[PDB]
Amino acid sequence: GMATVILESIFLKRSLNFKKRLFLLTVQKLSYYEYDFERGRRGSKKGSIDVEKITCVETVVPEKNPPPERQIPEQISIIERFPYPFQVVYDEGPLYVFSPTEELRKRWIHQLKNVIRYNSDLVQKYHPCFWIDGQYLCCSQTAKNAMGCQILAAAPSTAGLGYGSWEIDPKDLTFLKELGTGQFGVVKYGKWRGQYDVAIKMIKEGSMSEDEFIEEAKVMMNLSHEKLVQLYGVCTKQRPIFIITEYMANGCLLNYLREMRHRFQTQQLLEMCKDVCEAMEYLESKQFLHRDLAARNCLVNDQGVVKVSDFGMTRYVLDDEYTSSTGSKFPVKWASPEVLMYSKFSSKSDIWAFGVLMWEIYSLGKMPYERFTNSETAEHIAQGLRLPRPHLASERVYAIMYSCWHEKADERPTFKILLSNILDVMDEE
Ligand SMILES: Cc1c(NC(=O)c2ccc(C(C)(C)C)cc2)cccc1-c1cn(C)c(=O)c(Nc2ccc(C(=O)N3CCOCC3)cc2)n1
Ligand SMILES: [Ca+2]
Ligand SMILES: [Zn+2]
């Protein structure tokens, strides 16, 4: 996955002694340390739990008589008063943590519950109350590893798509239609447990760095936005492996644009841009690059909503004709000059590509730089060649896409700024 800290908070931890600890969560580990107040950083490490060993995270029933420091009834209190407990359940008994606020406890529980979907020894039951004086107060059982006495409200074993085990059973898939092929081979439409529509990407053996994708899915499983194609899970206990996603009935945006019968109004085209920009603002906020943003990599559902697809997947492509910046399959005509010249990938190369995508949308799927080959494009865009204003784009709309192609990456806007510009034009109309 990634070594990035997803959540950082100061909590009160129970050993019976209670101590303030800085908790840091990564997809790999939940670690806690003494808090270096003076330096505003972590102090000495005091322990850690491997995320793969966590079987359950849930609230705890509060103690009936907790001292003032833990009594339910801003700056000073949020680091001195900890009344809301939660438990992290793993092999070595539960770990009890007290949050200063309810919102913060909710945030940690929500995040941890999603993360542990990846794990293999998940439980359906837990202990609602504290283990104290050699027994659980809820059921009076005397073993710390005693099975939970109460079923979880949304136990993963019985949870629906997006909340269940990350590994999906392929025997629960029905295949109904061929959706064509892409960089990793065949894709199909089908049903999960006979009711839920899904897309099944079947990974051609030898096309993907599978072990890296499977591990790194720990990060991608946390990406969720209304305008991102949702990843539901994987099937990796067979050959080939499958990637299971949200199904988009209308296919890829590029082919959608090229279907002349739609006869889109320019308001509809701007809405497509807004959809994509919202997805990209979300990915930018998670410091996650797409690296092949283009109309061909966006999909359209049966409601006409555009969503961004296959973000982050370039990293696992084994084909050097795709990966090489001069390869026949590399997306040269969406690549910023710095990418082509120096392999300088950043949020700003995604911004460049977004501009070309806006141009595609207002050109109804025309090939960019049609008069030029990939090699010619690479040479001339580094000199200052730019895509001209599409006939359907107003000067104001063109200014947005044009801003994406500044020769200096740092003078390119962010997706937050682009979205603001798009919303302004929608109002102005
Ligand atoms: C994403 C995708 C690829 N492309 C890839 O898998 C791919 C892999 C890697 C990359 C990188 C280069 C970035 C690494 C890019 C793309 C190839 C084929 C289909 C789909 C796809 C997916 N989903 C989630 C749908 O809902 C859907 N829905 C469709 C719905 C309808 C139709 C359609 O109109 N059809 C089907 C066949 O022909 C008849 C009409 C087609 C697709 N189509
Ligand atoms: Ca269609
Ligand atoms: Zn119990």
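This entry, as listed in the PDB, derives from X-ray crystallography and reports a resolution of 1.6950 Å.

Quick look at the packing of aromatic side chains
Using the criterion set out here, one finds 18 aromatic pairs in the structure. Ring plane angle 65 degrees and centroid distance 5.7 Å describe the contact between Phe18 and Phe98, whose orientation is recorded as edge-to-face. A ring pair is formed by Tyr96 and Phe130, whose centres lie 4.8 Å apart and whose planes are at 65 degrees; its orientation type is edge-to-face. Here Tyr96, found in strand β7 (residues 94-99), pairs with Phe130, found in the loop between β8 (125-126) and β9 (131-132); they are 34 residues apart in sequence, far enough to count as distant. Residue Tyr96 is classed as buried on the basis of its relative accessible area of 2%. Taken together, the ring pairs connect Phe11, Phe23, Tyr32, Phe86 and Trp108 into an aromatic cluster. Its guanidinium or amino end placed over the ring of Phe98, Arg70 lies 5.7 Å from that ring's centre, counting from NZ or CZ.

Structural notes on the coordination of the zinc ion (ligand 3)
Only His127 (ND1), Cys138 (SG), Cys139 (SG) and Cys149 (SG) from the protein reach the zinc ion (ligand 3) as donors, at distances of 2.2 to 2.4 Å. The site at the zinc ion (ligand 3) holds four donor atoms, and with the angles between them running 99 to 120 degrees, its shape is tetrahedral. Here the donor residues of the zinc ion (ligand 3) are spaced in sequence according to H-x10-C-C-x9-C. When its relative accessible area of 29% is taken as the criterion, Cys138 is described as partly exposed.

So, the domain arrangement of the chain
Each domain of the chain was delimited in the assignment, giving domain 1 (7-158), domain 2 (170-246) and domain 3 (251-428). Averaged C-alpha coordinates put domain 1 and domain 3 at centres separated by 43 Å.

Quick notes on the sheet that holds strand β6 (residues 84-90)
Pairing between the strands of a sheet comes from backbone hydrogen bonds, and it takes one of two forms, parallel or antiparallel. Here we have seven strands laid out as an open sheet, ordered β4-β3-β2-β1-β7-β6-β5, and antiparallel in their pairing. Where the open sheet ends on each side, the last strands, each with one partner, are β4 (41-50) and β5 (54-59). Direction aside, the axes of adjacent strands within the sheet are offset by 35 degrees on average.

Brief notes about the UniProt feature "binding site: 1D-myo-inositol hexakisphosphate" (unreviewed entry) in the chain
Taken from the UniProt record, the annotation "binding site: 1D-myo-inositol hexakisphosphate" (unreviewed entry) applies to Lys13, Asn17, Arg21 and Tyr32. On the secondary structure map, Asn17 appears in the loop between β1 (7-14) and β2 (18-25). Judged by its relative accessible area of 47%, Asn17 is partly exposed. Here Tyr32 is to be found in strand β3 (residues 29-36). Once residues within four sequence positions are removed from consideration, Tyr32 is found in contact with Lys13, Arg21, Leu22, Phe23, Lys45, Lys46, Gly47 and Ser48.

Brief notes about the side chain of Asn297
Mapped onto the fold, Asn297 is located in the loop between α4 (266-285) and β17 (298-300). Accessibility expressed as a relative area gives 15% for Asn297, which makes it buried. Setting aside residues up to four positions removed in sequence, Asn297 forms contacts with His290, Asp292, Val308 and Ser309.

Quick notes on helix α10 (residues 415-428)
Between its first and last C-alpha atoms α10 spans 20 Å; for 14 residues at 1.5 Å apiece the expected length is 20 Å, and the two agree. Where α10 is concerned, the buried positions are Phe415, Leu418, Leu419, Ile422 and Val425. Each buried residue of α10 lies within a common arc of 125 degrees when the element is viewed along its axis, so the set occupies one face. Across from the buried face of α10, at angles greater than 90 degrees, the exposed residues are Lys416 and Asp427. Each element contacted by the buried residues of α10 is listed here: α4, α7 (347-362) and α9 (395-403). Among the residues trailing α10, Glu429 stands out with phi positive, at a value near 60 degrees.

With respect to the pattern of salt bridges
In total, this model carries 26 salt bridges according to the counting rule given. With its nearest N and O atoms 2.9 Å apart, the salt bridge here joins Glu205 to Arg239. You can see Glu205 sitting in the loop between β14 (196-202) and α2 (210-220) and its partner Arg239 sitting in the loop between β15 (231-235) and β16 (242-245), a full 34 residues away along the chain. A salt bridge links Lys218 to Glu215, with the shortest nitrogen-to-oxygen separation between them at 2.9 Å. You can see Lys218 and its partner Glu215 sitting in helix α2, three residues apart, about one turn around the helix. A residue is classified by how much of its surface remains accessible, and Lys218, at 9% relative accessible area, is buried.

Regarding the pairing of β1
Summarising burial for β1: seven of the eight residues are buried, a large majority. Bridging between β1 and β2 involves eight bridges; their strand directions are antiparallel. Note that in β2 the partner of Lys13 across the bridge is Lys19. Bridge count for β1 against β7 is two bridges, and the pairing is antiparallel. Among the inter-strand pairings, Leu12 is bridged to a residue of β7, identified as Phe98.

Points about the pairing of strand β13 (residues 185-192)
For β13, the tally of buried residues reaches six of eight residues, placing the bulk of the element in the interior. Sheet topology note: the strand β12 (residues 173-182)/β13 ladder contains seven bridges and is antiparallel. Counted as the bridge partner of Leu173 is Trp192 from β13. Turn length for the β12-β13 hairpin, with the two strands adjacent in sequence and antiparallel, is two residues. Linking two consecutive strands that pair antiparallel, namely β13 and β14, is a turn of three residues; a positive phi of about 50 degrees is found at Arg193 within it.

The rules behind these values
- Residues numbered from 1 in each chain as written, not as in the entry; some residues may be left out.
- Chains lettered and ligands numbered in written order.
- Heavy atoms only, no water.
- Residues with missing side-chain atoms left out of burial classes, pairs and counts.
- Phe/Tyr/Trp six-rings, centres within 6.5 Å; stacked < 30°, edge-to-face > 60°.
- Helix = DSSP H or I, 4+ residues; strand = E, 2+ residues; numbered from the N terminus.
- Buried < 20%, exposed > 50% of the residue type's maximum accessible area, 1.4 Å probe, protein only.
- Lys NZ or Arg CZ within 6 Å of the ring centre and 35° of its normal.
- Donors = N, O, S within 2.8 Å, 3.2 Å for Na, K, Ca; no water.
- Tetrahedral: all angles 85-135°; square planar, octahedral: opposite > 155°, others 65-115°.
- Domains from an automatic or database assignment.
- Pairing = 2+ DSSP bridges.
- Axes fitted to C-alpha atoms, helices over the stretch in contact; angles between N-to-C directions.
- UniProt positions renumbered as here; feature names shortened; annotations may be inferred.
- Contact = heavy atoms within 4.5 Å.
- Expected span 1.5 Å × (residues − 1).
- Arc of directions from axis to C-beta.
- Salt bridge = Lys/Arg side-chain N within 4 Å of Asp/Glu carboxyl O.

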